[PDB]
Structures are given as C-alpha cells and as structure tokens.
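The chain that follows stands alone, in the form deposited in one PDB entry, written as structure tokens.
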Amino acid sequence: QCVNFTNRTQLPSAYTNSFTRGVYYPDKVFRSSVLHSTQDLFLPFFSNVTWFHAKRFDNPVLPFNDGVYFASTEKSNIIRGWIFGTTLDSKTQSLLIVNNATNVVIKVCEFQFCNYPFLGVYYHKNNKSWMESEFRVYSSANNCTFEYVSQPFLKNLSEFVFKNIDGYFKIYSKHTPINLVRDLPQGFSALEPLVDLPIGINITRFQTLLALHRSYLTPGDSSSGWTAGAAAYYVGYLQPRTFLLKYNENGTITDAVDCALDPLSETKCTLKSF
C-alpha cells in the first residue's frame, strides 16, 4: 500500500508556450464547413503552460482550478492515471483514473490516498506484454459510489482536457505523432470527447499517478529500490473563453480563434471570419 518516500526532490518546472493546443469539441453536434462561436472553458492561446520535467522526484498535488489541460510526450509509459478531489483522504469523495494494457478503471470512492501514490510495474520473466501492476495508490477505499471500466487511453503526444461542470466529469483526449522534444508542437489538433462521467463530486486538487519499477531490494525497507519517477508533462489551466472554431467539410475542427487574445482576434470573432 502506502510507501513513504523521504528527501523528495522537487520537480523542476519550466514555462512553455501553449501555442494553439488544447482545443476540444465542445459538444456532440456535427457541423460542416461553418464557423461556430462557443463560450466554454478553453485553454487560452499562447498561455503559460507549466512543464514538469526530470533519486526521488516529488509527485506534486496541483490545483484543478476550472479544468486541466494535461499533455505528455513519453515513451516509457510512466504516467498511469490521475487522482482528483479536494482533501484526497477518506473524509471526502475522490476520483481515480488508472490505465493498464487492457482497460481503464475510473472509480469515485472514499480513498485514503497515499502521499506518494504510484503503481509498481513488474514484467514477468522480462516479457514486455506480461506486465503486472501493484496498486500503491490508497490505503483504503470505502463507500464507493461510481465505477467505470473501458478501453485505455494511454514520438506520440497525448493531450487530455479535464472539466468538472454540472455534476459531470468530462474528459477529452487526442494522440498525435510529433517530432519535438523541447516544447509543444505548433499547428492544430482538436481533442475528441472521450468520456462524460455522472459523478457529481467536488474537485479542487489533482495529482498524476506514476509507474515505478522495483530495481533492487533492501530487506526491511519498502522505500528502497524504486525508480526515481522521472516524468515529464505539461499542465495548463482552462479559463472561460469564447472561441471561433472552423469546422471543415468532414466535420473536423481545423483552426480556431481565441476571441480575447488580441484586437485582430476580437475583429475576427466580431466579423465571424478568419
């Protein structure tokens, strides 16, 4: 269960440019060759997105605010899921999203979460498809009210948008091939709606679930021999913005205008043109 790590190094965090990332489909309505103006929780264009890149690195609990844009460019699959909640203990409800090779598990329960929640990842006889997961996320899970099992959604940039509005937890996602190591790619890629969860819970904080390998063992000490948890991900925060989204012939959002970015975007959203 809970492994208490000590002398945790803080994750270094730089500030990258958002460019035009994080646009999602705001509804499930097919629109063809139009410009649709919508007011919603969007990541603003060219915003400061904080980049957490990387012994023992701290896995920080970050604020949720009005919704989280979460991107990752990883090949080791160190990020396995996220926890969401307010106290992140048994006094309040909490949301847990865990992926594996076959399924995603989404549970709203009363979790007494560990201070450093993770998954122990083990390969049986060095077989890369025989991967077993040990839950070191919570010490207890009581009065559990929601559970949902589906297909997993975890070179390739993976982007997610998490919103908690009207009693619904909405997740949007996109996976695109990129050729950058430093920062987020330019261009446009709209995030398709992944899941709407009727859970009706209060979310103010969130934390990334890591995957650690037991590299070596020390008898008597359960905090030794795990990997450092060197994970790199981008976190941005959604704000209430008006966006002018261009839907092409086949119904795909190809470009957007953030109406409050500069006077030219204000003019574009007033004229309803690009």
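Note that the rigid core is defined as the largest set of C-alphas that superpose within 1.5 Å between two forms. One-based numbering along the sequence shown.
The discussion below concerns the form deposited in another entry, not included here.
Rigid-core fit between this form and the one not shown: of 190, 114, 178, 131, the one residue whose Cα shifts 2 angstroms or more is 131. Relative to the displayed conformation, the Cα-Cα distance from residue 113 to residue 133 shrinks by 3 Å or more in the other entry. Expansion of the residue 126-residue 79 CA spacing by 3 Å or more is recorded in the other entry, set against this form.
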